[PDB]
Amino acid sequence: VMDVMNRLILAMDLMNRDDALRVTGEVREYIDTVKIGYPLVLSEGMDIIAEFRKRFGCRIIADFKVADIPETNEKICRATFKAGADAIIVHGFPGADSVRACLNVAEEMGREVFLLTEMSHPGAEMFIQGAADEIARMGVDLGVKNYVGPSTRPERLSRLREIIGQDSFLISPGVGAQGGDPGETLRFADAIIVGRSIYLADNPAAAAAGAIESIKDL
Amino acid sequence: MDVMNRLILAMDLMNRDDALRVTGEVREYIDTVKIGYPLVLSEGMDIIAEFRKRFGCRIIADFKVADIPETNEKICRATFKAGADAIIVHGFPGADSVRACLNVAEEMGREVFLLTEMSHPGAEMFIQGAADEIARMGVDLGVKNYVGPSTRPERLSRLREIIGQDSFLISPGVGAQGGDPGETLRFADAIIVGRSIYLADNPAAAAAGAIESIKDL
Ligand SMILES: O=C1CC(=O)N([C@@H]2O[C@H](COP(=O)(O)O)[C@@H](O)[C@H]2O)C(=O)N1
Ligand SMILES: O=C1CC(=O)N([C@@H]2O[C@H](COP(=O)(O)O)[C@@H](O)[C@H]2O)C(=O)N1
Numbered sequence: 024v025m026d027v028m029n030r031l032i033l034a035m036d037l038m039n040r041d042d043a044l045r046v047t048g049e050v051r052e053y054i055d056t057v058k059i060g061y062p063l064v065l066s067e068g069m070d071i072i073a074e075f076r077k078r079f080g081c082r083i084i085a086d087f088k089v090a091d092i093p094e095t096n097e098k099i100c101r102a103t104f105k106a107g108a109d110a111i112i113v114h115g116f117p118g119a120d121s122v123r124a125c126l127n128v129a130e131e132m133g134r135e136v137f138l139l140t141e142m143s144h145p146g147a148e149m150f151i152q153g154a155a156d157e158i159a160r161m162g163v164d165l166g167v168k169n170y171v172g173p174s175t176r177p178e179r180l181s182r183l184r185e186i187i188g189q190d191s192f193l194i195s196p197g198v199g200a201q202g203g204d205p206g207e208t209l210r211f212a213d214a215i216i217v218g219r220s221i222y223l224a225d226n227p228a229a230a231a232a233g234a235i236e237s238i239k240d241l
Numbered sequence: 035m036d037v038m039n040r041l042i043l044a045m046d047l048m049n050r051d052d053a054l055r056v057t058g059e060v061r062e063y064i065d066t067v068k069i070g071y072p073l074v075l076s077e078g079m080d081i082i083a084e085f086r087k088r089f090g091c092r093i094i095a096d097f098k099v100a101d102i103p104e105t106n107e108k109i110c111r112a113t114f115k116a117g118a119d120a121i122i123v124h125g126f127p128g129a130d131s132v133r134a135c136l137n138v139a140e141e142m143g144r145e146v147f148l149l150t151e152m153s154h155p156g157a158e159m160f161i162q163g164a165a166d167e168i169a170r171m172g173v174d175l176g177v178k179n180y181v182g183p184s185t186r187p188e189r190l191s192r193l194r195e196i197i198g199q200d201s202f203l204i205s206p207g208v209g210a211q212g213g214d215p216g217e218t219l220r221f222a223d224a225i226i227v228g229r230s231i232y233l234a235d236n237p238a239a240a241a242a243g244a245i246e247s248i249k250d251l
């Protein structure tokens, strides 16, 4: 599994190149893995991935929550890996064929797929939560090794960890702004994803250092 | 929304030259183009403005928005800033995530299309069982634009029943995936067609032929 420095992944959702680059550079000594999503990509282009690689020594997880039909999913994965992303996050709710399409491209291109099971926001309780355990089981059956689970629901995150096993890699968002606790989340997740608590702080470096300090024993 | 010939082109080619050329070859048959991530992630969001400059067509950003509310808001803002007239959002992530999109659309004068049931086989695993409820959620939220599967006419008909004749419904899965143009239009206001047109030997004839099959429709 990828060796995430300090078990902390930065969710870089700022929407302008200058600010995104500044903040990421300021926390560079604490984080070597950055999650780049559509807020930044749709604002600055896929070349932002290239710029991050050039400026920082950070792995890039493209958080695109791929959720289309198999044929389109394959195209999205190809374009994303072509740009330099180390991994891509895919939704499991659209079914097994859609996930398999992503896995096939990842295998062919030598990259990784992260399967998003349950989400962290309130709305996830409406439809996703009830399908989450089966989506996770589906991931295991398909050979998925990397997963995403919610920090906001410890009981659900714990169950997801059980389903995927200790060998699987699990990252978890919802820490900080959404209410999740760093340490508690790391009881089940290999790494925590943190966005606003760091990138909106007056001193992102201090925010990152503080978060790491609170989980130093972990 | 008034879609010319009830036909929406799904432009999923991945290079600017081919995308612009093919769209230009069928421009006389359409006035609405669905642009998704295959093209956007390959050529950039500036491609939307380019399409409006060259064709003056309506642009539906098929981004199947499926994030938390906060992120959904940012995605919609960036998308509408690029010139998209509408955006497609997944309903599976819940009401709050859809509401976030509706708010931005209202603020920027755009439309939100709610994707209920999908057209591919995998949709039967989790989405289909929640589709009717997702559609009712759309009705409760005031959603007026929906997306349903051409590949399952009975499911598309049910979606139409739930949302009513007043709502706008577009449907993908026509052609390559097995859906029939005419049958799909019995329930949907417009059909979405990708490969059957942009992958055809002669895209113009494909589009012309498709419209011919639904001539008196
Ligand atoms: O269930 C999930 C999945 C996910 O990726 N995310 C993403 O994780 C990040 C959370 O950021 P934040 O720490 O709440 O500011 C954002 O980029 C979200 O889009 C989430 O919050 N919940
Ligand atoms: O359920 C759905 C939703 C959707 O948007 N689509 C999209 O509709 C288009 C269908 O293209 P095609 O006619 O099968 O080539 C693609 O851009 C898909 O991503 C789909 O096929 N099924």
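The listed protein sequences correspond, in order, to chains A and B. If you're matching positions, the first sequence starts at 24 in the working numbering and goes up one per residue. If you're matching positions, the second sequence starts at 35 in the working numbering and goes up one per residue. Cβ atoms here follow ideal geometry from the backbone N, Cα and C, with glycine treated the same way.
I need the straight-line Cα distance from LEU148 (chain B) to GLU236 (chain A), nearest angstrom please. Taking the second sequence and counting its residues from 1, the one referred to as residue 148 (chain B) is at position 114. Taking the first sequence and counting its residues from 1, the one referred to as residue 236 (chain A) is at position 213. Taking the straight line from one Cα to the other gives about 43 Å.
Comparing C-alpha positions only, which one of B:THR150, B:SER76, B:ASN137 sits nearest to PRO117 (chain A)? Counting from one through the first sequence, the residue named residue 117 (chain A) turns up at place 94. It is B:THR150.
Near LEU183 (chain A), what residues of its chain come up, given a Cβ to Cβ distance below 6 Å and the 5 sequence neighbours on each side ignored? Here residue 183 (chain A) refers to the residue found at position 160 when the first sequence is read from its first residue. So the list reads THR140, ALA159, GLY172, once near-sequence residues are dropped.
For ligand 2, is there a heavy atom less than 8 Å away from the beta-carbon of residue 266 (chain B)? Because chain B in this structure spans residues 35 to 251, residue 266 (chain B) falls outside the shown range and cannot be described.
Taking 9 Å as the cut-off, decide whether the C-beta atoms of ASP96 (chain B) and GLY78 (chain B) are in contact. By one-based count along the second sequence, residue 96 (chain B) stands at place 62. By one-based count along the second sequence, residue 78 (chain B) stands at place 44. No. Outside cutoff.
Is there a Cβ of chain B sitting closer than 9 Å to that of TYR61 (chain A), yes or no? Residue numbering aside, residue 61 (chain A) sits at position 38 when the first sequence is read from its first letter. Yes, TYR61 (chain A) lies at the interface with chain B (some Cβ there is under 9 Å from its Cβ).
Span of the alpha helix (DSSP H), counted from its first residue to its last, around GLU151 (chain B): Walking along the second sequence from the start, residue 151 (chain B) turns up at place 117. Run containing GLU151 (chain B): none; DSSP gives neither H nor E here.
Contact the segment 106-118 of chain B vs the segment 133-148 of chain B: 3+ CB pairs below 8 Å: yes
For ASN169 (chain A), write down the residues that DSSP places opposite it in a beta bridge. For the purposes of this step, residue 169 (chain A) is identified with residue 146 of the first sequence, where counting begins at 1. DSSP, once it has assigned bridges, lists A:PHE137, A:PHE192 as partnering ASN169 (chain A).
Between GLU52 (chain A) and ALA214 (chain A), is the Cβ-Cβ spacing less than 9 Å? Position 29 of the first sequence, counted from the start, is the residue given in the question as residue 52 (chain A). Position 191 of the first sequence, counted from the start, is the residue given in the question as residue 214 (chain A). No, the Cβ-Cβ distance between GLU52 (chain A) and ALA214 (chain A) is not below 9 Å.
Give, in chain order, every unbroken run of the alpha helix (DSSP H) that is at least 4 residues long and sits entirely within the segment 185-229 of chain B. 187-197, 215-218
Given a threshold of 16 other Cβ atoms within 10 Å of its Cβ, counted over all protein chains shown, does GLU188 (chain B) qualify as buried or as exposed? Against the second sequence, residue 188 (chain B) aligns to sequence position 154. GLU188 (chain B) should be labelled exposed.
Taking DSSP as the reference, what is the three-state secondary structure of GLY60 (chain A)? In the first sequence, residue 60 (chain A) corresponds to position 37, counting from 1. Correct three-state label for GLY60 (chain A): strand.
Taking the CB atoms as reference points, tell me whether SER205 (chain B) and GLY146 (chain A) lie closer together than 9 Å. The residue given as residue 205 (chain B) occupies position 171 in the second sequence. The residue given as residue 146 (chain A) occupies position 123 in the first sequence. In this structure, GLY146 (chain A) does not lie closer than 9 Å to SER205 (chain B) by Cβ.
If you measure from the beta carbon of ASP164 (chain A) to each beta carbon in chain B, is any gap under 9 Å? Position 141 of the first sequence holds residue 164 (chain A). By this cut-off, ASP164 (chain A) is not an interface position.
Which same chain residues end up closer than 7 Å to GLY125 (chain B) when comparing Cβ atoms and leaving out the 5 residues on each side of it in sequence? Taking the second sequence and counting its residues from 1, the one referred to as residue 125 (chain B) is at position 91. If we look at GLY125 (chain B) and ignore the five residues flanking it on each side, its Cβ neighbours are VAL132, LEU148, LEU149, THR150, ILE168, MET171, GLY172.
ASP41 (chain A) at chain B interface by Cβ criterion, 9 Å: What you label residue 41 (chain A) is simply residue 18 of the first sequence in a count that begins at 1. Chain B contact via Cβ: absent.
Does DSSP put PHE97 (chain B) in a helix, a strand or coil? Within the second sequence, the letter at position 63 stands for residue 97 (chain B). The answer is strand: DSSP assigns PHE97 (chain B) an E or B state.
Tell me which same chain residues have a C-beta within less than 8 Å of the C-beta of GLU135 (chain A), skipping the five on either side of it? On the first sequence, position 112 is the one that residue 135 (chain A) refers to. Cβ within range, chain order: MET25, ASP109, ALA110, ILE111, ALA129, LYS168, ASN169.
Between which residues of its own chain and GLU104 (chain B) is the CB-CB distance below 8 Å, once the five residues before and five after are set aside? Looking up residue 104 (chain B) in the second sequence gives position 70. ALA134, listed in sequence order.
What residue range does the beta strand (DSSP E) around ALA234 (chain B) cover? In the second sequence, counting from the first residue as 1, residue 234 (chain B) sits at position 200. First-last for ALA234 (chain B): undefined, no H or E at that position.
Mind checking if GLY212 (chain B) is an interface residue toward chain A, Cβ cutoff 9 Å exclusive? As a position in the second sequence, residue 212 (chain B) is number 178, starting the count at 1. By this cut-off, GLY212 (chain B) is not an interface position.
If you measure from the beta carbon of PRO103 (chain B) to each beta carbon in chain A, is any gap under 9 Å? Translated into positions along the second sequence, residue 103 (chain B) becomes position 69. Yes, because at least one Cβ of chain A sits closer than 9 Å to the Cβ of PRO103 (chain B).
Contact set between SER220 (chain A) and chain B, taken where Cβ atoms lie within less than 7 Å: What you label residue 220 (chain A) is simply residue 197 of the first sequence in a count that begins at 1. The contacting residues do not exist; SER220 (chain A) stays about 13 Å from chain B at best.
For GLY198 (chain B), is the classification buried or exposed, using 16 other Cβ atoms within 10 angstroms of its Cβ as the cut-off for buried? As a first step, residue 198 (chain B) is located in the second sequence; it is residue number 164 there, counting from the start. That one is exposed.
Length of the line joining the Cα atoms of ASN39 (chain B) and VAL99 (chain B): As a first step, residue 39 (chain B) is located in the second sequence; it is residue number 5 there, counting from the start. As a first step, residue 99 (chain B) is located in the second sequence; it is residue number 65 there, counting from the start. Distance between the alpha carbons of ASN39 (chain B) and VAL99 (chain B): 27 Å.
Classify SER191 (chain A): buried if its beta carbon has 16 or more other beta carbons within 10 angstroms, exposed otherwise. Residue mapping note: residue 191 (chain A) aligns to position 168 of the first sequence, counting from 1. Buried: at least 16 other Cβ atoms inside 10 Å.
Can we count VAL123 (chain B) as close to ligand 2, meaning its CB is less than 8 Å from some heavy atom? What you label residue 123 (chain B) is simply residue 89 of the second sequence in a count that begins at 1. Outside the cutoff, so no.
Taking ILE72 (chain A) and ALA106 (chain A) to be in contact with their CB atoms under 8 Å, please state how far apart those CB atoms are, rounded to whole angstroms. Within the first sequence, residue 72 (chain A) is the residue found at index 49, counting from 1. Within the first sequence, residue 106 (chain A) is the residue found at index 83, counting from 1. Confirmed, Cβ separation roughly 5 Å.
Closer than 8 Å between beta carbons: that is the criterion. Which residues of the segment 148-172 of chain B meet it against chain A? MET152, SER153, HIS154, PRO155, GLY156, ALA157, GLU158, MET159, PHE160, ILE161, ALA164, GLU167, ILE168, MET171
Could you list the residues in the segment 120-149 of chain B with a C-beta less than 7 Å from some C-beta on chain A, going in chain order? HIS124, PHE126, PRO127, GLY128, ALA129, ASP130, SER131
Measuring only between beta-carbons, confirm whether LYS115 (chain B) sits less than 9 Å from chain A. Within the second sequence, the letter at position 81 stands for residue 115 (chain B). Taking Cβ atoms only, chain A reaches closer than 9 Å to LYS115 (chain B), which makes this a yes.
Identify every run of the beta strand (DSSP E) within the segment 93-163 of chain A, keeping only runs that are complete inside it and at least 3 residues long; order them along the chain. 110-114, 135-139
From this set, A:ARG78, A:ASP55, A:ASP91, A:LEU65, which residue's C-alpha is nearest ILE84 (chain A)'s C-alpha? By 1-based counting over the first sequence, the position of residue 84 (chain A) is 61. Cα-wise, what sits closest to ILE84 (chain A) is A:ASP55.
What in chain A is Cβ-close to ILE109 (chain B), meaning under 9 Å? Position 75 of the second sequence, counted from the first residue, corresponds to residue 109 (chain B). What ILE109 (chain B) touches in chain A: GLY60, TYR61, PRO62, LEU65.
Interface residues of chain B facing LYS88 (chain A) [CB-CB closer than 8 Å]: If you number the first sequence from 1, residue 88 (chain A) lands on position 65. Going along chain B in sequence order, the residues near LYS88 (chain A) (Cβ under 8 Å) are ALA100, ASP101.
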